[PDB]
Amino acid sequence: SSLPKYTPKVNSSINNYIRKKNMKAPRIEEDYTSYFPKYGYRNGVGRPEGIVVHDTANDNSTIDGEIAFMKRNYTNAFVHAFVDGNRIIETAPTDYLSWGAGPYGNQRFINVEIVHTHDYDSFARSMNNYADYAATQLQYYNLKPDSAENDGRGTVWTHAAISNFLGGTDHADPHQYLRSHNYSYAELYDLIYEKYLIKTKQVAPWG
């Protein structure tokens, strides 16, 4: 195409594998629940400020199990979306907040969960799927990707970054989870950034 290829800012054999395989994220599915609460973000309904990277609390759950448990326990916690190696499922409308990152995170950011995977390919697909969903939301909300990890400013936040800069929570996901699969947030962010650039037609698509 007329567009330049993205130059990766982070060395990543897993990202290389994703790009070379030309992985295609699945369609975003809606699975909403009538009794979930619908409250605006701190700047209003329809005004999220960014997106949070979570991994699921359990290492052995399925996306279906996670969702069923959440519907039963929504007064304790619920999130906007789950991704695994096969599916992207939005469980609450992104124009309203969700209950996944403590009081301060919840007022600002879309909460997205990475379901755990147990093989190389499934893990790589789940990373592609998270990154694709995140880039889609940033594009839809006219937000630009900016990692908050080191200075507490921007639109892409790990739960760890929320804990560090905002408080109201102490979870450090997804760092240890990604490390256990020989990956990292730095690599995930580089993938989000590239996918955002592809979607906004600034760099060439894969193929």
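When you see a residue number, it is the position in the sequence shown, counting from 1.
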Exercise. Determine, for stretches 178 to 186 and 163 to 171, which one has the higher mean CA B-factor as deposited.
Key: 178 to 186
Quiz item: Which is higher on average in the deposited entry, the C-alpha temperature factors of 23 to 31 or of 47 to 55?
Solution: 23 to 31
Self-check item: Among modelled residues of the same chain, the CA temperature factor third for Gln139
Solution: middle
Quiz prompt | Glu113 CA temperature factor, ranked by third within the chain | solution = lowest
Quiz item: With respect to C-alpha B-factor, does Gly40 fall in the lowest, middle or highest third of the chain as deposited?
Solution: lowest
Quiz item: Going by the entry, which third of its chain does the Cα temperature factor of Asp121 land in?
Solution: highest
Exercise. State the tercile, meaning the lowest, middle or highest third, of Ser147 with respect to the CA B-factors recorded for its chain.
Key: middle
